[PDB]
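**Q** Have a look at the structure that comes next, please.
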Amino acid sequence: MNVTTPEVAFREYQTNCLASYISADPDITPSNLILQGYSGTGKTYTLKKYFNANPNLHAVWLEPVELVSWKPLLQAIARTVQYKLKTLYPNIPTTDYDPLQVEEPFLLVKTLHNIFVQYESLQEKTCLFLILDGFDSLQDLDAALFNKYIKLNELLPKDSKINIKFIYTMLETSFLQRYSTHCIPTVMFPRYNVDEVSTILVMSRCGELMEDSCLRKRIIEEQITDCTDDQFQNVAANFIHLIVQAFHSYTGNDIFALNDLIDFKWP
Amino acid sequence: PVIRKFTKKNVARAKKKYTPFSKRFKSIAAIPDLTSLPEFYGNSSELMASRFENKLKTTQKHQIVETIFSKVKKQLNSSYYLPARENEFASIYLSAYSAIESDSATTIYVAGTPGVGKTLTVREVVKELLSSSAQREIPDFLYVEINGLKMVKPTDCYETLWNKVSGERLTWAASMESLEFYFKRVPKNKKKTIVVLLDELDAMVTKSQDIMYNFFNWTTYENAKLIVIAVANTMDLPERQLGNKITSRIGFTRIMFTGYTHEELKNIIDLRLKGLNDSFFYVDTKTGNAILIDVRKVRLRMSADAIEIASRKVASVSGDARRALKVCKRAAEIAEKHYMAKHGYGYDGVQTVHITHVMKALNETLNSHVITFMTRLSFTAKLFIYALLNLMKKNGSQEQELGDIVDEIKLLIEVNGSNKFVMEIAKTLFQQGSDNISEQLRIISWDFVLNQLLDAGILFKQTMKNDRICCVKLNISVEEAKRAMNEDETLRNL
Amino acid sequence: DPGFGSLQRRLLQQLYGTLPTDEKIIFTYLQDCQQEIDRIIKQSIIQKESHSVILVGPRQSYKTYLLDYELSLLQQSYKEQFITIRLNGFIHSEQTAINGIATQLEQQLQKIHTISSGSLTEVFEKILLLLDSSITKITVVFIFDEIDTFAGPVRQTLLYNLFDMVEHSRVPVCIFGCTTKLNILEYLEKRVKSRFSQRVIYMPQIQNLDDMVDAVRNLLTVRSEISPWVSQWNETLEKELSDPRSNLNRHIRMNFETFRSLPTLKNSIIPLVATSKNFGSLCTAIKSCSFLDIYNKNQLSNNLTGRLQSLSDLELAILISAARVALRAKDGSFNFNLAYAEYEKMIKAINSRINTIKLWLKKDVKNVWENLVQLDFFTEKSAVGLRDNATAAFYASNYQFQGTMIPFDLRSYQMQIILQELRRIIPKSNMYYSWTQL
Amino acid sequence: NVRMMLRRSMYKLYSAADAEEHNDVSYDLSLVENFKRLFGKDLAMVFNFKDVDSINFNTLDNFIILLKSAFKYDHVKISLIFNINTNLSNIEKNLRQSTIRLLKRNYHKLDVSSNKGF
Ligand SMILES: Nc1ncnc2c1ncn2[C@@H]1O[C@H](COP(=O)(O)OP(=O)(O)OP(O)(O)=S)[C@@H](O)[C@H]1O
Ligand SMILES: Nc1ncnc2c1ncn2[C@@H]1O[C@H](COP(=O)(O)OP(=O)(O)OP(O)(O)=S)[C@@H](O)[C@H]1O
Ligand SMILES: Nc1ncnc2c1ncn2[C@@H]1O[C@H](COP(=O)(O)OP(=O)(O)OP(O)(O)=S)[C@@H](O)[C@H]1O
Ligand SMILES: [Mg+2]
Ligand SMILES: [Mg+2]
Ligand SMILES: [Mg+2]
């Protein structure tokens, strides 16, 4: 429509679907959206790049792993919504509602309605994106919390100028298959190959490795090295390739384990 | 200040006092006449209704059309002369009149099954007693009605009673001592008889027998003038709660309300339709408005056979009256819908209702909608049910493992690989029709059909995180599933 | 050209259904339910008559959609004669329901032209006095969602009061319940069921393929001249829904035989029309439908067989060894030591049969074991997963299971993929293939 | 549990900060995020586990993983002390592997006993 697609290395179709689903028009956008993928698959990176490519879209970021229950999650939502709405429009007079008053799901709906009532002097309807990045990582989780956040979008006002849309990022498949009857749009992030992991690892930890002080000390203790930059990058790439070819059978397709081994065996 | 370990920021507390009644008028000899006080016994408080009324009012009526059947539907609700209940009326009235006349206390217990009409006859008795008292034959009294399902906390009865006899607003405990003192020590020359109507009694005694014991015991005192009437479902409920000796000491009256028969129910239905049946109506052709006695003159008739069959069917199973009234109303509604549909009317000869309408309205409550639900399910769900039935026909265990179902489905698919339909459905079932998808392990749309069957109330699955040994079982018996499978064609053939 | 953008936006907002209520389209296979619901609501609102009814049907069967359509249709001719109150059974307990009802009643009554202040009992008695008790009244329309959670086996006190309000009152009331259970009538207790009106309407279901074809045609047909291309596109679709050999018909038939649900097809179609950049691209995409294959392939990219093709050699060998060990056991249980013993025996046999394959040590196989148990290939001996409700999880979180006290080497796991499935899936060119059967 | 340990730690931190400083908040990791705005200085939190041999290591591993999330705030500095009684071989064999790799970034082992050389 009127959105810009960023360029991600090996996530073309995911980026296309993301640009297809979410936009700035509340008339054409889904109320819910799930991104699924196991650890180290590249979902938060893609989502952050997509929002950084389009500055018009508004977003609020949460991480329901520091918060370890549902009451703190409700309070955090009720506080961050107010903070983001205040920092964006500063010329609209408003009162303040204490987030700690939110103790039940119904009270969250009441507080959100009261907050959204004030901003009724705006020109055209907008949409505010609430990203619950990590919904499956709550410590005390049961099979009933998601059923509330799915239906939370029906008790809110229907003709308000501020519309809220949710976006989840879920890890497992056994949990996700429980809610397969709801028919919610989904974008799945499959795991990586070995070539893709090698290229991503080089692209990430190639430039940063060379400004390390150890190699500078080792070359000032040594003689001249002409064609310095290209030779240095080649040395780094060769080291990364060697460590990958050595420990792929032990680390699997895990970016984090290889990224720790590289730092371990560099000095 | 201090740091709170947790906070309660949504606490709401009502303004109610704590001091009981036996601290107000000092000595017993200093108690004034409670009949003449302007706050006691509701002498002057008649403005609570006006506080909240007139809010749900508006000013518009666009000549609402009233079809012929609208009168019958209106005059057949459960709100609009007792034909059958006379012995119970006489017994209750005699007991209450004897209790009121001699200035004493008594307890009447009524037990029955839903829909008999115990509340209606008790209210009629109360109305007759009020009329007789207003006729200046017995001393005046007060009527207080307390329900059991219309209270948030079960201990809200006490204060309510006090709030209806004194005008004060106290907590429940202080209300208990206040009522105890009032019923025990206030002299009989400065009181007035009270008729409580404890209703749905089984919803109050669910943690302890305190409320029932107190309410029944307050009738034992000589100075009290209480007449308690308590209705309930089970007959021998106090015995199961209080004890044989306490009940023997109390000594109340017992009444049982038996169900209705197919004659009394028909009498009720016929009585509720007397003026309307076999009458004449002026009907405007353009709109459809009907007026009880250009335009036409029509009649409304209800066949007695329909009423008889409805009463016979309803009285056979339950004995209710609400259900019979609702069945007749639904038949009338169906006839009205057909009439307006045929004549092309809208909202804003001899028209009758046949036995066909009543039978159609009656069949809607007895039939079940499971066979029809399964005869329209997807192919995969029917395959799942077929595999489950096949496994049950071999193991005979009634509780099957899920991996066994998967293996049975795979074997069924791979053993019949010569029938045209299953020959051409294999690719769409295992690879979804494309050559770039690897062969799947379970089926296309496994979790979807599993959850679709589990949500509707057809399967029961225990909770285990291992998804290969989870046990599932049916919940609609076995013959219905067999019929649903047999109604198919491709599953029947193979 | 802006015409293509306008056409694309119109198609997207037609698919999502966000469209003015006077030009919405309703499928031909569920018009009878629409007419029945419309008759009930019109009788309740225009003619001031009380009603109670329950709607039963599977998830995403157009229950809320029809009610919202009816309310929006009636909220433009008679707006001063009714108010609406909606309750949801998932975010409303047996206590917060009273507060929600009071708040919504107050807000709607204020808007048309206190109650919510006090304790719970005061609010309950105030709303009871308000409801239970030319110039005409105002109808309050209740809309329940998931009514089966308010009909438990313990109290059932709100439904009793609401049905009593419907039965004996002077204020007309209409109440709609929504649930998915097929035997909702057996959840109500005796008195509540007696007060019920015994009126249940079952949502319709798709019976043929022509119904799905007609639904798709109604979805993807622009019927208002807004762009120069609307003349051609409306033609092109008609050439793909009439030909019985087109790819669109094949996909529709597959959905009919497997899923049988419009929302899934709608979700599949959305990116297909939102991705194309030019009119020719849209035409060729709807002619070939090659994007639906990619969508289907992705939707199956993390299932049980989609992970097995992203494993290294050592992980595959460990998985095969564990499956072999679990096959011989009586109840399928095993642990780390037996799996490693079988792995080392298999490696020694492979090496002796014949470059040499390295035999990784115990401490290096520990990481692979943890990686495999993370990816949901094994589960503990007898462990439940996620509890049904919050109280069960709270109870379970305060008890120390015996599985977290036994050392690492003796935890008893269970298998999730049997050996036959490994034999079916793994290609025959792999050097571990011969070891996948006993 | 994990949530209860988090609540105790946050309550102790807030009480100590308020005592040193001479409304109400939520006892979550979010209090770590907003510490600079609420007070003005930077944290140097020091944990101290006592009798680590009597703690079910699943909970301890989960808590360490949770505490890992506080490294993106630029003003906190977390330290850990383990009072091991027998030996660190049990610690190595009981914890997960990723957490051991995380702990091995920098550490110091000190032998503290009454009978060290008599
Ligand atoms: N497509 C990609 N192109 C370039 N770098 C990438 C790509 N995907 C991942 N990376 C890099 O690898 C890192 C992996 O971290 P993330 O992708 O953020 O992990 P994640 O999927 O968010 O993990 P979880 O789910 O939160 S545990 C990124 O921060 C990048 O540095
Ligand atoms: N003899 C009768 N004559 C007319 N209507 C009757 C008669 N008996 C019962 N009814 C009907 O029964 C309806 C229900 O009221 P009741 O029968 O008094 O209820 P109930 O016995 O209190 O039921 P519960 O509360 O479930 S035990 C009334 O509104 C009447 O229409
Ligand atoms: N207000 C609305 N306007 C347009 N389409 C809607 C609206 N509400 C829902 N839909 C869509 O209509 C289809 C089915 O309606 P739903 O309300 O989801 O069905 P349902 O049977 O009520 O589902 P429940 O609530 O889970 S039982 C889906 O595609 C919904 O996204
Ligand atoms: Mg992430
Ligand atoms: Mg009654
Ligand atoms: Mg709904």
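**Q** Under 16 Å from a point 7 Å along the Cα-to-Cβ line of C:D22: which residues of the range C:32-76 have their amide N that close?
**A** C:72-76
**Q** Considering all projection directions equally, how large on average is the shadow of the alpha-carbon convex hull of chain A, in square nanometres?
**A** Quarter of the Cα hull surface area: 18.9 nm².
**Q** Would you please put B:99-105, A:210-216 in order of how densely packed they are, using the mean number of other Cβ atoms within 10 angstrom per residue and starting with the highest?
**A** So the peptides B:99-105, A:210-216, ranked by packing, come out B:99-105, A:210-216.
**Q** Along the three principal axes, how long is the range B:197-283 when you take its alpha carbons, biggest first, rounded to the nearest angstrom?
**A** Largest first, the range B:197-283 extends 64, 29, 23 Å along its Cα principal axes.
**Q** Where Rh denotes the Kirkwood radius from the mean inverse Cα pair distance, what is Rg over Rh for the range B:1-81?
**A** 1.25
**Q** Quick one: grab Rg to one decimal and Dmax as a whole number for the range A:139-267, Cα atoms only, in Å.
**A** Computed over the Cα atoms of the range A:139-267, radius of gyration and Dmax are 23.8, 73 Å.
**Q** Here is a follow-up. Let me have the 222 nm mean residue ellipticity of chain C computed from DSSP H runs of 4+ only, each contributing -39500 (n - 2.57), with the sum over all residues rounded to the nearest 500.
**A** -15500 deg cm²/dmol
**Q** List the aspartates and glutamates whose alpha-carbon lies under 19 Å from that of C:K366, not counting same-chain residues fewer than 8 positions away?
**A** A:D254, A:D260, C:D313, C:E315, C:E342, C:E344, C:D376, C:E380, C:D409, D:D61, D:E92
**Q** With the alpha-carbon atoms as the only input, what is the per residue convex hull volume for chain C in Å³?
**A** Expressed per residue, the convex hull around the Cα atoms of chain C is 249 Å³.
**Q** Filter the trypsin sites (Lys or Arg not before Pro) in the range C:362-438 to those in DSSP coil with at most 13 other Cβ atoms within 10 Å of their Cβ, and list the result.
**A** The qualifying sites are C:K428.
**Q** Only helical DSSP H runs with n ≥ 4 go in: add -39500 (n - 2.57) per run for chain B, normalise by residue count and round the 222 nm mean residue ellipticity to 500 deg cm²/dmol.
**A** Dividing the helical sum by the residues of chain B leaves -12500 deg cm²/dmol.
**Q** With the dipole of the range B:326-411 worked out from charges on the C-beta (+1 for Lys and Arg, -1 for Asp and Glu) around the Cα centre, which of B:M374, B:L391, B:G349 lies farthest toward the positive end?
**A** B:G349
**Q** Of the DSSP beta bridges with both residues in the protein assembly as shown, give the percent that are antiparallel, rounding to the nearest 5.
**A** Beta bridges within the protein assembly as shown, antiparallel portion: roughly 25 percent.
**Q** With 13 Å as the cut-off, how large is the P(r) tail for the range C:334-375, expressed as percent of Cα-Cα pairs?
**A** 58 percent
**Q** Take B:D199, B:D404 and order them by how many other Cβ atoms sit within 10 Å, fewest up front.
**A** B:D404, B:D199
**Q** Same structure, new question: With unit charges on the beta carbons (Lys and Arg positive, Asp and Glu negative) and the dipole taken about the Cα centre of the protein assembly as shown, which residue among C:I184, B:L271, C:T18 sits farthest to the positive side?
**A** Most positive-ward Cα: B:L271.
**Q** Let me ask something additional. Identify which of A:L88, A:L156, A:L130 has the largest mean-square fluctuation in a Gaussian network model of chain A, with springs joining Cα atoms closer than 10 Å.
**A** A:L88
**Q** Please list the equivalent ellipsoid semi-axes of chain B, computed as the square roots of five times the alpha-carbon gyration tensor eigenvalues, in descending order and whole angstrom.
**A** They are 59, 38, 24 Å, listed largest first.
**Q** Also, I was wondering about something else. Treating only the Cβ atoms of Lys and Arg (+1) and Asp and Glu (-1) as charged, compute the dipole magnitude of chain A about its Cα centre; round to the nearest 20 debye.
**A** In debye, rounded to 20, chain A gives about 740.
**Q** Rounded to the nearest 20 debye, what is the charge dipole size of chain C about its Cα centre when +1 sits on each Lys and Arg Cβ and -1 on each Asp and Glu Cβ?
**A** Computed about the Cα centre, the dipole is about 1420 debye.
**Q** Hey, another quick one. What is the mean number of Cβ atoms from other protein chains located within 10 Å of the Cβ atom of each residue in peptide C:305-314, rounded to a whole number?
**A** If you average over the peptide's residues, the count of other-chain Cβ atoms is 5.
**Q** Rg and Dmax of the range B:267-364, using alpha carbons, in Å: what are they?
**A** 14.7, 48
**Q** Mind pulling up the Rg/Rh value for the protein assembly as shown? Radius of gyration and Kirkwood radius, both on Cα.
**A** Radius of gyration over Kirkwood radius for the protein assembly as shown works out to 1.00.
**Q** Sort D:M5, C:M212 so that the residue with the fewest other Cβ atoms within 10 Å of its own Cβ comes first and the one with the most comes last.
**A** D:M5, C:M212
**Q** While we're here: Taking beta carbons within 10 Å but only from partner chains, what does the mean come to for residues C:388-394?
**A** Per-residue shielding by partner chains comes out at 4.
**Q** Picking from C:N234, C:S276, C:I138, whose Cα lies most toward the positive end of the charge dipole for the range C:136-282 (charges on Cβ: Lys, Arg +1; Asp, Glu -1)?
**A** Checked the options; the winner is C:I138.
**Q** Kindly give Rg over Rh for the range B:394-459, based on alpha-carbon atoms, with the Kirkwood expression for the hydrodynamic radius.
**A** 1.02
**Q** Quickly work out the B:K188-to-B:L412 label distance, labels modelled 7 Å from Cα along the C-beta direction, and quote it in nm with one decimal.
**A** Those two pseudo-labels are separated by 8.1 nm.
**Q** Viscosity 1.002 mPa s, temperature 20 °C: what is the translational diffusion coefficient of the range C:121-248 from Stokes-Einstein with a Kirkwood Rh over Cα pairs, rounded to a whole number of µm²/s?
**A** The estimated diffusion coefficient comes to 109 µm²/s.
**Q** While we're here: Can you check how the C-alpha radius of gyration of the range A:1-112 compares to 2.2 N^0.38 Å, as a plain ratio?
**A** That ratio works out to 1.26.
**Q** Return C:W360, B:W162 ranked ascending by Cβ neighbour count within 10 Å, so the fewest neighbours appear first.
**A** C:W360, B:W162
**Q** A further question follows. Using 27 Å as the Cα-Cα cut-off, could you pick out the over-long pairs in B:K153/C:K111; C:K63/C:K193; B:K382/B:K420?
**A** B:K153/C:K111
**Q** Along each of the three principal axes of the Cα atoms of the range C:6-96, give the extent in whole Å, ordering the values from largest to smallest.
**A** Taking the Cα atoms of the range C:6-96, the three principal extents are 46, 33, 27 Å.
**Q** Quantify how strongly other chains surround peptide D:100-110 by giving the mean number of their Cβ atoms within 10 Å of each of its Cβ atoms.
**A** The per-residue average across the peptide is 1.
**Q** What does the charge count around C:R10 come to, taking other residues whose C-beta lies under 15 Å from its C-beta (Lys +1, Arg +1, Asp -1, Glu -1)?
**A** -2
**Q** From the P(r) of the range C:283-438, could you give the percentage of C-alpha pairs in the tail past 26 Å?
**A** Beyond 26 Å sits 41 percent of the P(r) for the range C:283-438.
**Q** Taking the Cα centre of the range C:8-79 as origin, sum charge times position over the Cβ atoms of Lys and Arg (+1) and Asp and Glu (-1), and report the length of that vector in debye to the nearest 20.
**A** Once rounded to the nearest 20, the dipole reads 220 debye.
So basically every Cβ, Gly included, is an ideal-geometry build from the backbone, and we count neighbours across all protein chains shown. Any read-out appearing in this document is the output of simple, stated calculations on the displayed coordinates, not a laboratory observation.
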